[PDB]
Every structure is written in structure tokens, then in C-alpha cells.
Amino acid sequence: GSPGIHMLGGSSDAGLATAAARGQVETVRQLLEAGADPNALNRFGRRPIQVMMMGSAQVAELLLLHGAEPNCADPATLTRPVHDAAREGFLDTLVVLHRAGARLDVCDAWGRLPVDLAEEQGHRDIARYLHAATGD
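Note that the deposited numbering has the sequence shown beginning at -5, numbered continuously upward.
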């Protein structure tokens, strides 16, 4: 067998994710409008939107209207994209998800629901909107 060790290598059409976490909608527009895949997963397995710093809706809408993964999530802890925007308080990204068919009814592994994790930390404005758009 060929010699090797620890990881190996891999690239993507995911700049939309790496740049998003860094607050870069221009790069997300480039990694996408340049002719790429709407699901360029990242080593963080945090979907293309779950890893956008949840501080710039400009990125949440970019991939959403394209084909991001607002319904899929991390199978290691059932972490959907609704919980990410909830732990931060970006109610804008929340509208985008539900504005393009989103799965607002999952639990972050053992966090009951995204609405609870919101008001739990310091996001009541988003928590109230979630319970009204997630269904008890």
C-alpha cells in the first residue's frame, strides 16, 4: 500500500461556506455564480449555511434560493440550520429557510428544539418567531 498518514487532502466549490463564516457574501456569490454545486460540503459538516457565522442574511439567501441544505443537518447530533441562526439571533436567516421550504421541526441532538435553545441563551425575538413557524 502507498505510504501516508493523518488525513489526505480535498478541495471544494464551498467558498460560500468558508467565506460566509468570515462574512463574505461576495465570495459566496463567486463560489456559486461561478458555476458550482449547491452542496459543496465542508470538513466541518456544518452544511453551507449552518457555517455562515449566522450574522449575514446576505449569505443565507444566496445559497438558499440556489440549493443550500436548510433541511439536511449533522447526523452526529441532529444539528439543523435552524438551531445555528437561533443560538446567534439572526432572525433574518430564519425567514430565508422557511421562505424556501425549511425543516423547522428538529432537535439539536438533545436540545428539544431550536426555539428553546434561542430564548435559553439570549434570543427571545427569534425564539418567539420559531415556535410560531416550527409547530410545537
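For every residue, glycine included, the Cβ atom is placed at its ideal position computed from N, Cα and C.
- Task: Go through its chain and collect everything with a Cβ distance to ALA8's Cβ below 6 Å, but skip five positions before and after it.
- Result: In the sequence shown, counting from the first residue as 1, residue 8 sits at position 14. Counting only Cβ-Cβ distances below 6 Å, and skipping sequence neighbours, we find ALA34, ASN36.
- Query: Just to confirm, are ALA67 and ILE43 a CB contact at a threshold of 8 Å?
  - Reply: Along the sequence shown, one-based indexing puts residue 67 at 73. Along the sequence shown, one-based indexing puts residue 43 at 49. No, Cβ-Cβ distance for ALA67 and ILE43 is not below 8 Å.
- Query: How many angstroms separate the CA atom of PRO75 from the CA atom of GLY39?
  - Reply: Working through the sequence shown from its first residue, we reach residue 75 at position 81. Working through the sequence shown from its first residue, we reach residue 39 at position 45. Rounded to the nearest angstrom, the two C-alpha atoms are 12 Å apart.
- Between which two residues does the alpha helix (DSSP H) carrying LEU111 extend? Residue numbering aside, residue 111 sits at position 117 when the sequence shown is read from its first letter. Counting along the chain, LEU111 sits inside the alpha helix (DSSP H) bounded by residues 108 to 115.
- Among the residues of its own chain, which have a CB less than 8 Å from the CB of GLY129, if the five just before and after it don't count? Along the sequence shown, read from residue 1 onward, the residue named residue 129 stands at position 135. Hits under 8 Å: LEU98, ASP99.
- Message: For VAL45 and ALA11, what's the separation of their Cα atoms in angstroms?
- Response: Here the question's residue 45 lines up with position 51 in the sequence shown. Here the question's residue 11 lines up with position 17 in the sequence shown. C-alpha of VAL45 to C-alpha of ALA11: approximately 6 Å in a straight line.
- At which residue ranges does the segment 23 to 75 contain complete alpha helix (DSSP H) runs of 4 or more residues, listed in the order of the chain? You should have 51 to 60.
- Task: Could you pull the start and end residues of the alpha helix (DSSP H) that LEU10 belongs to?
- Result: If you number the sequence shown from 1, residue 10 lands on position 16. Secondary structure note for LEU10: its alpha helix (DSSP H) is the uninterrupted segment 9 to 15.
- Query: Nearest to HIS117 by CA position, among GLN52, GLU82, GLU20, is which residue?
  - Reply: The sequence position of residue 117 within the sequence shown is 123, counting from 1. The candidate whose alpha carbon is nearest that of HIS117 is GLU82.
- Where do the ends of the alpha helix (DSSP H) carrying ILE120 lie? Translated into positions along the sequence shown, residue 120 becomes position 126. Looking at the DSSP string, the run of the alpha helix (DSSP H) that includes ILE120 is 118 to 128.
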